[PDB]
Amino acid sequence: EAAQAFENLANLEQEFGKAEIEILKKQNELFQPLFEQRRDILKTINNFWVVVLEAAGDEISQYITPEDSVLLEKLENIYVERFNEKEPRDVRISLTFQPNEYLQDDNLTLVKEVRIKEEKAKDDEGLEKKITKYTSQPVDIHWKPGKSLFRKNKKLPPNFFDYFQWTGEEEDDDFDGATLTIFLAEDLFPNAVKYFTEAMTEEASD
């Protein structure tokens, strides 16, 4: 009776979806006020977020170049927020910088908005398959002269700030912005103080 089983599984997957949506809303309700309070504290701590970014594992460190790191020292805060009620997986990632040698003063807050939507795509023999698609508008950054950290061609390996130009709309792209978005929103941001504290208690190699 496999036909019935898999039809029932499909029905059940829909219920799982509705439950996940309820959980996301509950999560946003409980954690956002705490993240807001945390944000006010973290802004007072020198180099908090650059230490966190470089201690969070390979998913981030694979992108961070020495030139990136210098700018990130002026990163005052990172905030992550699920802003779209009608699409609760959508995330806004905001980086707030102090004045620095890379960014013009009228562009010290870098905002990345990632739309995360259920889509479908024909597979093998033309069967529809549910996929979660991650897309975003490209974010133009007002770099000071000679200080742009945007690659112009994809011969160059992507650095951290290439994330802002990632759209998720290119078959081309080698930059896995979807995985980075998930890591930032679900791992790095919620566990920031732990990452910082672990980094501040790291020992030498010798």
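We number the residues from 1 along the sequence you see.
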Stretch with higher mean Cα temperature factor, 53-61 vs 177-185, is 53-61
Please work out which of 166-174 and 32-40 has the higher mean CA B-factor as recorded in the PDB entry.
166-174
Among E76, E85, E101, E113, where is the Cα temperature factor highest, going by the PDB entry?
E85
Split into thirds by Cα B-factor across the chain's modelled residues, where does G146 land: lowest, middle or highest?
middle
Hey, what third does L156 fall into on Cα B-factor, ranked over its chain?
highest
In terms of the CA temperature factor given in the entry, to which third of its chain does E67 belong: lowest, middle or highest?
middle
Using the temperature factors of the C-alpha atoms in this entry, rank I23 within its chain: lowest, middle or highest third.
lowest
Please rank the C-alpha B-factors of the chain's modelled residues and tell me whether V91 sits in the lowest, middle or highest third.
middle
